[PDB]
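Below is one structure; the comments refer to it alone.
Proteins come first, then strands; the chains are lettered A, B, ... in the order of their sequence lines, and each starts at number 1. Heavy-atom basis, side chains included; hydrogens, waters and symmetry copies ignored.
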Amino acid sequence: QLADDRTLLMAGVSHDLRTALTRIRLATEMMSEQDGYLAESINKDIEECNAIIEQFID
Amino acid sequence: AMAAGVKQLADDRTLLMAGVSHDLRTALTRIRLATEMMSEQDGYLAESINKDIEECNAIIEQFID
């Protein structure tokens with residue numbers, strides 16, 4: 001009943017979060033084989049962040 | 001339940017956004033931990049990630065909080 005203004009805001013937010021998370025994914029894609037379980041963890045947490053944004057910020 | 005101020009409380013999204021904020025910060029905190037655990041030869045990568053994490057936090061601090 002005050003909506004579309006923070007709808008736009010939230011699209012901005014979603015955009016900036018996704019941009020930064022994508023940079024993170026990019027960085028993990030360059031991690032070594034020894035750091036595999038770490039990369040895997042980080043990506044699982046990125047996926048989870050994106051799910052949170054998708055559902056409650058979209 | 002049809003009381004005048006029930007509908008107002010139910011449309012309050014404060015609690016919801018506080019939970020969004022918290023779940024994001026939780027997941028990001030796990031990313032921070034994982035970076036802090038990386039081999040020291042990939043420090044560059046770690047720092048890169050941390051900057052982005054701090055960027056995300058700021059976003060969340062600035063607009064979801």
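Linking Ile, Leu, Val, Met, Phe, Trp and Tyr residues whenever their side-chain heavy atoms come within less than 4.5 Å leaves B/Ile53 and A/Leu26 in two separate clusters.
Using a 4.5 Å cut-off between heavy atoms, A/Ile57 contacts chain B through its side chain alone, with no backbone atom that close.
With rounding to the nearest 0.5 angstrom, the CE atom of B/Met38 is 5.0 Å from the CD1 atom of B/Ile49.
Residues of residues 39-46 of chain B lying under 4.5 angstrom from chain A, judged on non-hydrogen atoms, are B/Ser39, B/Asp42, B/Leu45 by number. Proximity to chain B at a heavy-atom threshold of 4.5 Å picks out A/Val13, A/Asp16, A/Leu17 from residues 12-19 of chain A, in numerical order. Close approach to chain A, defined as a heavy atom under 4.5 Å from one of its heavy atoms, is seen in B/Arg13, B/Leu16, B/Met17 of residues 2-18 of chain B, taken by number.
With respect to the salt-bridge test (charged N to carboxylate O, under 4.0 angstrom), the residues B/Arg30 and A/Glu48 qualify.
Put simply, of B/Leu28, B/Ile59, B/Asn50, the one with the most heavy-atom pairs under 4.5 Å next to chain A is B/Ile59.
For A/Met30, the CE atom sits in a loose shell: 12 or fewer heavy atoms of surrounding residues, nucleotides or ligands are nearer than 6.0 Å. Counted within 6.0 Å of NZ on B/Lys51, heavy atoms from surrounding residues, nucleotides or ligands total 12 or fewer; the atom is thus considered open.
The salt bridge (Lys or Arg N to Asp or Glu O under 4.0 Å) search around B/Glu36 returns B/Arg32, not counting sequence neighbours.
Between B/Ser48 and B/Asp52, some side-chain heavy-atom pair lies under the 4.5 Å cut-off.
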